[PDB]
Amino acid sequence: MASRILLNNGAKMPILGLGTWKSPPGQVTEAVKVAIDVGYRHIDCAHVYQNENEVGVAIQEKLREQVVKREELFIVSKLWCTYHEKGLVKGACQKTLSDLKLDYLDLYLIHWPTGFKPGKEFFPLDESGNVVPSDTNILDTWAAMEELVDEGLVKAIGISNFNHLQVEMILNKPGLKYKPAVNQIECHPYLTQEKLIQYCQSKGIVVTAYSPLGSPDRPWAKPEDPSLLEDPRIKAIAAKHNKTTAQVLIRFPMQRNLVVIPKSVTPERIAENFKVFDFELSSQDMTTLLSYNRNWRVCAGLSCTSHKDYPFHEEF
Ligand SMILES: NC(=O)c1ccc[n+]([C@@H]2O[C@H](COP(=O)([O-])OP(=O)(O)OC[C@H]3O[C@@H](n4cnc5c(N)ncnc54)[C@H](OP(=O)(O)O)[C@@H]3O)[C@@H](O)[C@H]2O)c1
């Protein structure tokens, strides 16, 4: 298992990264420092996570300490939905760059296909509770992302939470200048995503799997929800390989040619989650894990279901 995958912009992306959604601002600086110290070279970020300044403190300290060189890091962030407007994309990217202490991003993603009314609120609401859309169509947002490549702010651009038809809309854009490099989507044994992964891979788009552990810290978790880390069938595969359940859950997407971004702020787990390059799941293990699909989402985007570009009405 090579550590990096080749993107359609000609750059290499580490297949294992550290997630940062929900990482508390008072813990994420140490988490990222530990991650870099134990071998991580890819950090997944977003403005909407409200912790990029603190992530950036860690990156900058490790660059200053010469633990790593900038060219060895692969830093990803995402354009939030209230910035889909032509005239707001550059400033949103620059705010992320200034918070992360960087002069470029390796990859910048459209976080969701849904644009919202700009303003201070990340989910602007009408008086009845629906998100207020923007009329900017996503093809125009894509053109604004392409500009960022041409201005040197980002090395690669991509998408996140785009369904099959929305990916196709990007690929069929009149005058398309840069194809998406990545589609970052939820993916794990309970949401295996065969249809969408095959489509993206067939077009040369690399897929990143988010919430690979089933996001046990998601704010809306309920006791009755399925739990990947506690599933005895997955624990049994882990025991057979002398690995933890989390290690199996991370290795699984790697063997599907996916990038994977488990989140932790616990130093021991950050280290555990990196120790996934020294064992192999059999084809039978892989097919068995795929069989657990039930189309279950951590991230259903429930605050934007009324938006015309909501991605999860479609089968895939
Ligand atoms: N593009 C999008 O819309 C989107 C959506 C969701 C996620 N993401 C990205 O994907 C990342 C990962 O997804 P996620 O944060 O939803 O969840 P996840 O990575 O599936 O799970 C994170 C949870 O698992 C725990 N954990 C981590 N390693 C563990 C281990 N070895 N043993 C036991 N528990 C362990 C963490 O606890 P501790 O931290 O307390 O150790 C945390 O509660 C995010 O942080 C974000 O970067 C992107």
# chains A, B, ... in the order shown; residues from 1 in each chain; ligands from 1
>>> residues_near_ligand(ligand="ligand 1", cutoff="8 Å", atoms="only C-alpha atoms and all ligand atoms", output="number ranges by chain")
A: 18-23, 43-46, 78, 111-112, 160-161, 184-186, 209-218, 229, 244-247, 260-270, 272-273, 298-299
>>> residues_around(residues="residue 34 of chain A", least_positions_apart="2", cutoff="10 Å", atoms="only C-alpha atoms", output="PDB file with N, CA and C atoms, in the first residue's frame")
ATOM      1  N   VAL A  28      -7.226  21.026  19.418  1.00  0.00           N
ATOM      2  CA  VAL A  28      -6.865  20.664  18.054  1.00  0.00           C
ATOM      3  C   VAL A  28      -5.431  21.045  17.721  1.00  0.00           C
ATOM      4  N   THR A  29      -4.867  22.075  18.358  1.00  0.00           N
ATOM      5  CA  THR A  29      -3.472  22.406  18.083  1.00  0.00           C
ATOM      6  C   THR A  29      -2.568  21.237  18.477  1.00  0.00           C
ATOM      7  N   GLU A  30      -2.746  20.710  19.695  1.00  0.00           N
ATOM      8  CA  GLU A  30      -1.946  19.556  20.090  1.00  0.00           C
ATOM      9  C   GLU A  30      -2.255  18.342  19.219  1.00  0.00           C
ATOM     10  N   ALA A  31      -3.520  18.141  18.833  1.00  0.00           N
ATOM     11  CA  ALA A  31      -3.856  16.984  18.004  1.00  0.00           C
ATOM     12  C   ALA A  31      -3.078  17.008  16.695  1.00  0.00           C
ATOM     13  N   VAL A  32      -3.041  18.169  16.043  1.00  0.00           N
ATOM     14  CA  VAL A  32      -2.350  18.284  14.763  1.00  0.00           C
ATOM     15  C   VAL A  32      -0.839  18.165  14.952  1.00  0.00           C
ATOM     16  N   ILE A  36       1.332  15.211  13.107  1.00  0.00           N
ATOM     17  CA  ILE A  36       2.507  15.414  12.265  1.00  0.00           C
ATOM     18  C   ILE A  36       3.716  14.683  12.856  1.00  0.00           C
ATOM     19  N   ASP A  37       3.874  14.728  14.185  1.00  0.00           N
ATOM     20  CA  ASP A  37       4.998  14.030  14.819  1.00  0.00           C
ATOM     21  C   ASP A  37       4.978  12.521  14.569  1.00  0.00           C
ATOM     22  N   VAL A  38       3.798  11.905  14.459  1.00  0.00           N
ATOM     23  CA  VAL A  38       3.699  10.455  14.291  1.00  0.00           C
ATOM     24  C   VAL A  38       3.518  10.036  12.841  1.00  0.00           C
ATOM     25  N   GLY A  39       3.500  10.981  11.903  1.00  0.00           N
ATOM     26  CA  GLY A  39       3.596  10.642  10.503  1.00  0.00           C
ATOM     27  C   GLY A  39       2.523  11.196   9.585  1.00  0.00           C
ATOM     28  N   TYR A  40       1.454  11.779  10.118  1.00  0.00           N
ATOM     29  CA  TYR A  40       0.425  12.298   9.225  1.00  0.00           C
ATOM     30  C   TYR A  40       0.981  13.459   8.406  1.00  0.00           C
ATOM     31  N   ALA A  58      -0.672  24.848  14.815  1.00  0.00           N
ATOM     32  CA  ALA A  58       0.084  23.594  14.816  1.00  0.00           C
ATOM     33  C   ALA A  58       0.906  23.430  13.541  1.00  0.00           C
ATOM     34  N   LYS A  62       5.096  23.272  13.343  1.00  0.00           N
ATOM     35  CA  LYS A  62       5.837  22.133  12.810  1.00  0.00           C
ATOM     36  C   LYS A  62       6.685  22.517  11.603  1.00  0.00           C
ATOM     37  N   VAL A 265      -8.896  13.734  18.578  1.00  0.00           N
ATOM     38  CA  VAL A 265      -8.079  14.630  19.396  1.00  0.00           C
ATOM     39  C   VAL A 265      -7.360  13.886  20.513  1.00  0.00           C
ATOM     40  N   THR A 266      -7.430  12.554  20.525  1.00  0.00           N
ATOM     41  CA  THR A 266      -6.808  11.749  21.577  1.00  0.00           C
ATOM     42  C   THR A 266      -5.448  11.289  21.078  1.00  0.00           C
ATOM     43  N   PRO A 267      -4.332  11.699  21.690  1.00  0.00           N
ATOM     44  CA  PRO A 267      -3.018  11.325  21.134  1.00  0.00           C
ATOM     45  C   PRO A 267      -2.831   9.841  20.857  1.00  0.00           C
ATOM     46  N   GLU A 268      -3.258   8.969  21.777  1.00  0.00           N
ATOM     47  CA  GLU A 268      -3.076   7.536  21.567  1.00  0.00           C
ATOM     48  C   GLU A 268      -3.837   7.062  20.336  1.00  0.00           C
ATOM     49  N   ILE A 270      -4.814   8.989  17.708  1.00  0.00           N
ATOM     50  CA  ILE A 270      -4.161   9.557  16.529  1.00  0.00           C
ATOM     51  C   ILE A 270      -3.047   8.621  16.065  1.00  0.00           C
ATOM     52  N   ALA A 271      -2.228   8.157  17.008  1.00  0.00           N
ATOM     53  CA  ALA A 271      -1.163   7.210  16.680  1.00  0.00           C
ATOM     54  C   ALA A 271      -1.713   5.857  16.210  1.00  0.00           C
TER      55      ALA A 271
END
>>> closest_residue(among="A:159, A:11, A:281, A:68", to="residue 255 of chain A", atoms="only C-alpha atoms")
A:281
>>> residues_around(residues="segment 132-143 of chain A", least_positions_apart="6", cutoff="8 Å", atoms="only C-alpha atoms", output="number ranges by chain")
A: 82, 84-86, 89, 113-118, 123-126, 169-170, 173, 176, 307
>>> write_last_selection(atoms="N, CA and C atoms", output="CSV table (one decimal), in the first residue's frame")
chain,number,residue,atom,x,y,z
A,82,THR,N,-22.4,29.7,2.3
A,82,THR,CA,-22.7,31.1,2.3
A,82,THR,C,-21.7,32.0,1.5
A,84,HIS,N,-20.9,31.0,-1.9
A,84,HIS,CA,-20.9,30.5,-3.3
A,84,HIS,C,-20.9,31.6,-4.4
A,85,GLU,N,-20.9,32.9,-4.0
A,85,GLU,CA,-21.1,34.0,-4.9
A,85,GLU,C,-19.7,34.3,-5.6
A,86,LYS,N,-19.7,34.6,-6.9
A,86,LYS,CA,-18.5,35.0,-7.6
A,86,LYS,C,-17.6,35.9,-6.8
A,89,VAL,N,-15.9,34.1,-3.2
A,89,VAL,CA,-15.1,32.9,-3.2
A,89,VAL,C,-13.6,33.2,-2.8
A,113,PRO,N,-23.1,21.1,-2.4
A,113,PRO,CA,-23.6,21.7,-3.7
A,113,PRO,C,-24.6,22.8,-3.5
A,114,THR,N,-25.1,23.1,-2.3
A,114,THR,CA,-26.1,24.0,-1.9
A,114,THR,C,-25.5,25.4,-1.6
A,115,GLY,N,-25.8,26.4,-2.3
A,115,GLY,CA,-25.5,27.8,-1.9
A,115,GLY,C,-26.6,28.5,-1.1
A,116,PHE,N,-26.1,29.2,-0.1
A,116,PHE,CA,-27.0,29.9,0.8
A,116,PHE,C,-26.8,31.4,0.8
A,117,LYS,N,-27.8,32.2,1.2
A,117,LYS,CA,-27.7,33.6,1.3
A,117,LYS,C,-26.5,34.0,2.1
A,118,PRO,N,-25.6,34.9,1.5
A,118,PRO,CA,-24.4,35.3,2.3
A,118,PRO,C,-24.9,36.1,3.5
A,123,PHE,N,-26.1,29.1,8.5
A,123,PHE,CA,-27.4,28.6,8.0
A,123,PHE,C,-28.4,29.7,8.1
A,124,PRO,N,-28.5,30.6,7.2
A,124,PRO,CA,-29.5,31.7,7.2
A,124,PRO,C,-30.9,31.1,7.1
A,125,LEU,N,-31.8,31.5,8.0
A,125,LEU,CA,-33.1,30.9,8.1
A,125,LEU,C,-34.2,31.8,7.7
A,126,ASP,N,-35.3,31.3,7.1
A,126,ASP,CA,-36.5,32.1,7.0
A,126,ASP,C,-37.2,31.9,8.3
A,169,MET,N,-22.9,17.2,-13.8
A,169,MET,CA,-23.1,18.6,-14.2
A,169,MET,C,-21.7,19.4,-14.2
A,170,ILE,N,-20.9,19.1,-13.3
A,170,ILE,CA,-19.5,19.8,-13.3
A,170,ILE,C,-18.7,19.3,-14.5
A,173,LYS,N,-19.8,20.8,-17.8
A,173,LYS,CA,-19.9,22.3,-17.8
A,173,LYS,C,-19.4,22.8,-19.1
A,176,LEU,N,-15.5,24.0,-19.3
A,176,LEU,CA,-14.8,23.5,-18.1
A,176,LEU,C,-13.3,23.6,-18.3
A,307,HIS,N,-33.5,22.9,0.0
A,307,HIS,CA,-32.8,23.6,-1.0
A,307,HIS,C,-32.9,22.8,-2.3
>>> closest_residue(among="A:228, A:97, A:276, A:81", to="residue 243 of chain A", atoms="only C-alpha atoms")
A:276
>>> select_by_dssp(residues="segment 248-302 of chain A", states="helix (DSSP H, G or I)", output="PDB file with N, CA, C and O atoms, in the first residue's frame")
ATOM      1  N   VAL A 248      -9.274  -1.489  11.247  1.00  0.00           N
ATOM      2  CA  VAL A 248      -9.975  -2.139  10.140  1.00  0.00           C
ATOM      3  C   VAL A 248     -10.823  -1.132   9.367  1.00  0.00           C
ATOM      4  O   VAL A 248     -10.863  -1.152   8.128  1.00  0.00           O
ATOM      5  N   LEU A 249     -11.550  -0.271  10.087  1.00  0.00           N
ATOM      6  CA  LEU A 249     -12.421   0.708   9.446  1.00  0.00           C
ATOM      7  C   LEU A 249     -11.633   1.721   8.610  1.00  0.00           C
ATOM      8  O   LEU A 249     -12.173   2.280   7.649  1.00  0.00           O
ATOM      9  N   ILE A 250     -10.376   1.989   8.968  1.00  0.00           N
ATOM     10  CA  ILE A 250      -9.529   2.896   8.194  1.00  0.00           C
ATOM     11  C   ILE A 250      -8.904   2.171   7.002  1.00  0.00           C
ATOM     12  O   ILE A 250      -8.824   2.714   5.893  1.00  0.00           O
ATOM     13  N   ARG A 251      -8.457   0.927   7.210  1.00  0.00           N
ATOM     14  CA  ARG A 251      -7.843   0.165   6.126  1.00  0.00           C
ATOM     15  C   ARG A 251      -8.845  -0.152   5.014  1.00  0.00           C
ATOM     16  O   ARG A 251      -8.469  -0.219   3.839  1.00  0.00           O
ATOM     17  N   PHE A 252     -10.108  -0.373   5.370  1.00  0.00           N
ATOM     18  CA  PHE A 252     -11.169  -0.726   4.423  1.00  0.00           C
ATOM     19  C   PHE A 252     -11.220   0.249   3.242  1.00  0.00           C
ATOM     20  O   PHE A 252     -11.050  -0.173   2.091  1.00  0.00           O
ATOM     21  N   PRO A 253     -11.433   1.559   3.459  1.00  0.00           N
ATOM     22  CA  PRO A 253     -11.467   2.470   2.302  1.00  0.00           C
ATOM     23  C   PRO A 253     -10.135   2.536   1.574  1.00  0.00           C
ATOM     24  O   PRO A 253     -10.106   2.703   0.348  1.00  0.00           O
ATOM     25  N   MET A 254      -9.013   2.420   2.292  1.00  0.00           N
ATOM     26  CA  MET A 254      -7.717   2.446   1.619  1.00  0.00           C
ATOM     27  C   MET A 254      -7.645   1.382   0.527  1.00  0.00           C
ATOM     28  O   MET A 254      -7.122   1.631  -0.565  1.00  0.00           O
ATOM     29  N   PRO A 267      -4.332  11.699  21.690  1.00  0.00           N
ATOM     30  CA  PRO A 267      -3.018  11.325  21.134  1.00  0.00           C
ATOM     31  C   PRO A 267      -2.831   9.841  20.857  1.00  0.00           C
ATOM     32  O   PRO A 267      -2.279   9.481  19.811  1.00  0.00           O
ATOM     33  N   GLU A 268      -3.258   8.969  21.777  1.00  0.00           N
ATOM     34  CA  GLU A 268      -3.076   7.536  21.567  1.00  0.00           C
ATOM     35  C   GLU A 268      -3.837   7.062  20.336  1.00  0.00           C
ATOM     36  O   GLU A 268      -3.345   6.212  19.584  1.00  0.00           O
ATOM     37  N   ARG A 269      -5.046   7.591  20.124  1.00  0.00           N
ATOM     38  CA  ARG A 269      -5.849   7.171  18.974  1.00  0.00           C
ATOM     39  C   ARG A 269      -5.303   7.749  17.677  1.00  0.00           C
ATOM     40  O   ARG A 269      -5.341   7.088  16.637  1.00  0.00           O
ATOM     41  N   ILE A 270      -4.814   8.989  17.708  1.00  0.00           N
ATOM     42  CA  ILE A 270      -4.161   9.557  16.529  1.00  0.00           C
ATOM     43  C   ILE A 270      -3.047   8.621  16.065  1.00  0.00           C
ATOM     44  O   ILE A 270      -2.928   8.288  14.879  1.00  0.00           O
ATOM     45  N   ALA A 271      -2.228   8.157  17.008  1.00  0.00           N
ATOM     46  CA  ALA A 271      -1.163   7.210  16.680  1.00  0.00           C
ATOM     47  C   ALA A 271      -1.713   5.857  16.210  1.00  0.00           C
ATOM     48  O   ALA A 271      -1.233   5.301  15.215  1.00  0.00           O
ATOM     49  N   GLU A 272      -2.709   5.305  16.921  1.00  0.00           N
ATOM     50  CA  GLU A 272      -3.322   4.025  16.539  1.00  0.00           C
ATOM     51  C   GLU A 272      -3.828   4.066  15.107  1.00  0.00           C
ATOM     52  O   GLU A 272      -3.621   3.127  14.323  1.00  0.00           O
ATOM     53  N   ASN A 273      -4.504   5.156  14.762  1.00  0.00           N
ATOM     54  CA  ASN A 273      -5.170   5.261  13.481  1.00  0.00           C
ATOM     55  C   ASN A 273      -4.177   5.336  12.335  1.00  0.00           C
ATOM     56  O   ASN A 273      -4.557   5.089  11.184  1.00  0.00           O
ATOM     57  N   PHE A 274      -2.918   5.688  12.618  1.00  0.00           N
ATOM     58  CA  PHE A 274      -1.899   5.753  11.582  1.00  0.00           C
ATOM     59  C   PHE A 274      -1.277   4.390  11.287  1.00  0.00           C
ATOM     60  O   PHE A 274      -0.639   4.223  10.238  1.00  0.00           O
ATOM     61  N   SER A 283      -9.793 -10.194   0.139  1.00  0.00           N
ATOM     62  CA  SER A 283     -10.947  -9.860  -0.688  1.00  0.00           C
ATOM     63  C   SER A 283     -12.246 -10.281  -0.009  1.00  0.00           C
ATOM     64  O   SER A 283     -13.253  -9.565  -0.073  1.00  0.00           O
ATOM     65  N   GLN A 284     -12.232 -11.448   0.646  1.00  0.00           N
ATOM     66  CA  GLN A 284     -13.386 -11.917   1.403  1.00  0.00           C
ATOM     67  C   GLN A 284     -13.730 -10.954   2.542  1.00  0.00           C
ATOM     68  O   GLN A 284     -14.903 -10.630   2.759  1.00  0.00           O
ATOM     69  N   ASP A 285     -12.717 -10.467   3.268  1.00  0.00           N
ATOM     70  CA  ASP A 285     -12.954  -9.445   4.295  1.00  0.00           C
ATOM     71  C   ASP A 285     -13.616  -8.209   3.689  1.00  0.00           C
ATOM     72  O   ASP A 285     -14.538  -7.628   4.271  1.00  0.00           O
ATOM     73  N   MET A 286     -13.097  -7.760   2.545  1.00  0.00           N
ATOM     74  CA  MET A 286     -13.611  -6.560   1.886  1.00  0.00           C
ATOM     75  C   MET A 286     -15.065  -6.740   1.479  1.00  0.00           C
ATOM     76  O   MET A 286     -15.911  -5.870   1.731  1.00  0.00           O
ATOM     77  N   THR A 287     -15.375  -7.866   0.835  1.00  0.00           N
ATOM     78  CA  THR A 287     -16.752  -8.132   0.425  1.00  0.00           C
ATOM     79  C   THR A 287     -17.668  -8.269   1.637  1.00  0.00           C
ATOM     80  O   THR A 287     -18.816  -7.806   1.625  1.00  0.00           O
ATOM     81  N   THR A 288     -17.172  -8.895   2.703  1.00  0.00           N
ATOM     82  CA  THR A 288     -17.948  -9.003   3.929  1.00  0.00           C
ATOM     83  C   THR A 288     -18.256  -7.621   4.508  1.00  0.00           C
ATOM     84  O   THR A 288     -19.399  -7.329   4.875  1.00  0.00           O
ATOM     85  N   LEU A 289     -17.252  -6.750   4.599  1.00  0.00           N
ATOM     86  CA  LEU A 289     -17.507  -5.395   5.096  1.00  0.00           C
ATOM     87  C   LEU A 289     -18.492  -4.649   4.197  1.00  0.00           C
ATOM     88  O   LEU A 289     -19.374  -3.934   4.692  1.00  0.00           O
ATOM     89  N   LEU A 290     -18.353  -4.789   2.871  1.00  0.00           N
ATOM     90  CA  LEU A 290     -19.295  -4.145   1.956  1.00  0.00           C
ATOM     91  C   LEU A 290     -20.718  -4.630   2.192  1.00  0.00           C
ATOM     92  O   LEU A 290     -21.683  -3.890   1.958  1.00  0.00           O
ATOM     93  N   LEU A 302     -29.498  17.855   7.278  1.00  0.00           N
ATOM     94  CA  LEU A 302     -30.902  18.083   7.593  1.00  0.00           C
ATOM     95  C   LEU A 302     -31.286  19.564   7.612  1.00  0.00           C
ATOM     96  O   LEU A 302     -32.468  19.870   7.449  1.00  0.00           O
TER      97      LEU A 302
END
>>> residues_around(residues="residue 104 of chain A", least_positions_apart="4", cutoff="12 Å", atoms="only C-alpha atoms", output="list in words")
residues 70, 71, 73, 74, 75, 76, 77, 93, 94, 95, 96, 97, 98, 99, 100, 108, 148, 149, 150, 151, 152, 153, 154, 155, 156 and 157 of chain A
>>> select_by_dssp(residues="segment 11-200 of chain A", states="strand (DSSP E)", output="number ranges by chain")
A: 12-14, 18-19, 42-44, 74-79, 107-110, 157-160, 182-186
>>> closest_residue(among="A:293, A:241, A:275, A:203", to="residue 226 of chain A", atoms="only C-alpha atoms")
A:293
>>> residues_around(residues="residue 51 of chain A", least_positions_apart="2", cutoff="8 Å", atoms="only C-alpha atoms", output="short mmCIF file (atom, residue, chain, number, x, y, z; two decimals) with C-alpha atoms, in the first residue's frame")
data_model
loop_
_atom_site.label_atom_id
_atom_site.label_comp_id
_atom_site.auth_asym_id
_atom_site.auth_seq_id
_atom_site.Cartn_x
_atom_site.Cartn_y
_atom_site.Cartn_z
CA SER A 23 -12.06 18.95 17.34
CA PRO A 24 -12.28 21.50 20.16
CA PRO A 25 -10.21 24.63 19.60
CA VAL A 28 -6.86 20.66 18.05
CA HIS A 47 -14.01 27.26 7.69
CA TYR A 49 -15.50 23.99 11.72
CA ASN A 53 -6.79 29.32 13.36
CA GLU A 54 -5.85 26.66 15.93
CA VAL A 55 -5.09 24.04 13.26
#
>>> closest_residue(among="A:201, A:60, A:66, A:27", to="residue 180 of chain A", atoms="only C-alpha atoms")
A:201
>>> closest_residue(among="A:300, A:101, A:221, A:129", to="residue 64 of chain A", atoms="only C-alpha atoms")
A:101
>>> closest_residue(among="A:227, A:303, A:50, A:257", to="residue 131 of chain A", atoms="only C-alpha atoms")
A:303
>>> atom_distance(atom1="atom CA of residue 297 of chain A", atom2="atom CA of residue 190 of chain A")
8.0 Å
>>> atom_distance(atom1="atom CA of residue 198 of chain A", atom2="atom CA of residue 107 of chain A")
21.6 Å
>>> decode(residues="segment 99-174 of chain A", atoms="C-alpha atoms", output="PDB file, in the first residue's frame")
ATOM      1  CA  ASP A  99      -6.173  31.315   9.512  1.00  0.00           C
ATOM      2  CA  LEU A 100      -4.166  28.232   8.497  1.00  0.00           C
ATOM      3  CA  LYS A 101      -0.988  30.386   8.151  1.00  0.00           C
ATOM      4  CA  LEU A 102      -0.524  29.184   4.553  1.00  0.00           C
ATOM      5  CA  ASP A 103       0.162  30.761   1.155  1.00  0.00           C
ATOM      6  CA  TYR A 104      -1.644  27.988  -0.709  1.00  0.00           C
ATOM      7  CA  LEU A 105      -3.966  25.048  -0.099  1.00  0.00           C
ATOM      8  CA  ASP A 106      -3.229  21.676  -1.653  1.00  0.00           C
ATOM      9  CA  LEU A 107      -6.952  21.112  -2.217  1.00  0.00           C
ATOM     10  CA  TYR A 108     -10.009  23.350  -1.834  1.00  0.00           C
ATOM     11  CA  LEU A 109     -13.479  21.789  -1.979  1.00  0.00           C
ATOM     12  CA  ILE A 110     -16.979  23.125  -2.489  1.00  0.00           C
ATOM     13  CA  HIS A 111     -18.275  21.874   0.884  1.00  0.00           C
ATOM     14  CA  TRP A 112     -21.856  21.201  -0.315  1.00  0.00           C
ATOM     15  CA  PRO A 113     -23.601  21.720  -3.676  1.00  0.00           C
ATOM     16  CA  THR A 114     -26.117  24.041  -1.946  1.00  0.00           C
ATOM     17  CA  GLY A 115     -25.478  27.796  -1.936  1.00  0.00           C
ATOM     18  CA  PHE A 116     -27.048  29.890   0.842  1.00  0.00           C
ATOM     19  CA  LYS A 117     -27.709  33.608   1.255  1.00  0.00           C
ATOM     20  CA  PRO A 118     -24.446  35.334   2.285  1.00  0.00           C
ATOM     21  CA  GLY A 119     -24.155  36.914   5.708  1.00  0.00           C
ATOM     22  CA  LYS A 120     -22.877  36.194   9.192  1.00  0.00           C
ATOM     23  CA  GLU A 121     -25.007  33.084   9.792  1.00  0.00           C
ATOM     24  CA  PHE A 122     -23.730  29.815   8.342  1.00  0.00           C
ATOM     25  CA  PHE A 123     -27.364  28.611   7.992  1.00  0.00           C
ATOM     26  CA  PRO A 124     -29.477  31.719   7.242  1.00  0.00           C
ATOM     27  CA  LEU A 125     -33.097  30.857   8.052  1.00  0.00           C
ATOM     28  CA  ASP A 126     -36.495  32.101   7.024  1.00  0.00           C
ATOM     29  CA  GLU A 127     -39.019  32.726   9.782  1.00  0.00           C
ATOM     30  CA  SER A 128     -40.320  29.184   9.286  1.00  0.00           C
ATOM     31  CA  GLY A 129     -36.890  27.532   9.702  1.00  0.00           C
ATOM     32  CA  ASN A 130     -35.890  26.713   6.104  1.00  0.00           C
ATOM     33  CA  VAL A 131     -32.434  27.647   4.863  1.00  0.00           C
ATOM     34  CA  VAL A 132     -32.472  30.678   2.577  1.00  0.00           C
ATOM     35  CA  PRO A 133     -30.888  29.732  -0.786  1.00  0.00           C
ATOM     36  CA  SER A 134     -28.618  31.670  -3.066  1.00  0.00           C
ATOM     37  CA  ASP A 135     -29.488  31.779  -6.765  1.00  0.00           C
ATOM     38  CA  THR A 136     -25.822  31.358  -7.785  1.00  0.00           C
ATOM     39  CA  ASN A 137     -25.671  28.192  -9.746  1.00  0.00           C
ATOM     40  CA  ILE A 138     -22.984  25.734  -8.914  1.00  0.00           C
ATOM     41  CA  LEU A 139     -21.365  25.900 -12.365  1.00  0.00           C
ATOM     42  CA  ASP A 140     -20.672  29.567 -11.611  1.00  0.00           C
ATOM     43  CA  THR A 141     -19.260  28.578  -8.217  1.00  0.00           C
ATOM     44  CA  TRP A 142     -17.024  26.083 -10.047  1.00  0.00           C
ATOM     45  CA  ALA A 143     -15.731  28.821 -12.371  1.00  0.00           C
ATOM     46  CA  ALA A 144     -14.830  30.846  -9.274  1.00  0.00           C
ATOM     47  CA  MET A 145     -12.935  27.832  -7.893  1.00  0.00           C
ATOM     48  CA  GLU A 146     -11.027  27.526 -11.183  1.00  0.00           C
ATOM     49  CA  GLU A 147      -9.894  31.143 -10.775  1.00  0.00           C
ATOM     50  CA  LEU A 148      -8.275  30.231  -7.445  1.00  0.00           C
ATOM     51  CA  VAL A 149      -6.031  27.722  -9.240  1.00  0.00           C
ATOM     52  CA  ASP A 150      -5.111  30.368 -11.802  1.00  0.00           C
ATOM     53  CA  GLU A 151      -4.269  32.871  -9.018  1.00  0.00           C
ATOM     54  CA  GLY A 152      -2.005  30.449  -7.139  1.00  0.00           C
ATOM     55  CA  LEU A 153      -4.143  30.231  -3.993  1.00  0.00           C
ATOM     56  CA  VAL A 154      -4.863  26.496  -4.382  1.00  0.00           C
ATOM     57  CA  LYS A 155      -3.113  23.620  -6.167  1.00  0.00           C
ATOM     58  CA  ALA A 156      -6.274  21.556  -6.731  1.00  0.00           C
ATOM     59  CA  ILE A 157     -10.032  22.053  -6.543  1.00  0.00           C
ATOM     60  CA  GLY A 158     -12.810  19.586  -5.856  1.00  0.00           C
ATOM     61  CA  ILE A 159     -16.274  18.958  -4.484  1.00  0.00           C
ATOM     62  CA  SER A 160     -17.937  17.387  -1.451  1.00  0.00           C
ATOM     63  CA  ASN A 161     -21.385  15.878  -0.884  1.00  0.00           C
ATOM     64  CA  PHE A 162     -22.095  15.978  -4.635  1.00  0.00           C
ATOM     65  CA  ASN A 163     -24.350  13.248  -5.993  1.00  0.00           C
ATOM     66  CA  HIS A 164     -23.823  11.455  -9.307  1.00  0.00           C
ATOM     67  CA  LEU A 165     -25.858  13.940 -11.329  1.00  0.00           C
ATOM     68  CA  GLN A 166     -24.133  16.930  -9.704  1.00  0.00           C
ATOM     69  CA  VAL A 167     -20.675  15.509 -10.467  1.00  0.00           C
ATOM     70  CA  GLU A 168     -21.860  14.989 -14.043  1.00  0.00           C
ATOM     71  CA  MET A 169     -23.068  18.603 -14.192  1.00  0.00           C
ATOM     72  CA  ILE A 170     -19.549  19.756 -13.287  1.00  0.00           C
ATOM     73  CA  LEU A 171     -17.956  17.397 -15.842  1.00  0.00           C
ATOM     74  CA  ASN A 172     -20.377  18.572 -18.558  1.00  0.00           C
ATOM     75  CA  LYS A 173     -19.905  22.282 -17.781  1.00  0.00           C
ATOM     76  CA  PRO A 174     -19.513  24.345 -20.981  1.00  0.00           C
TER      77      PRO A 174
END
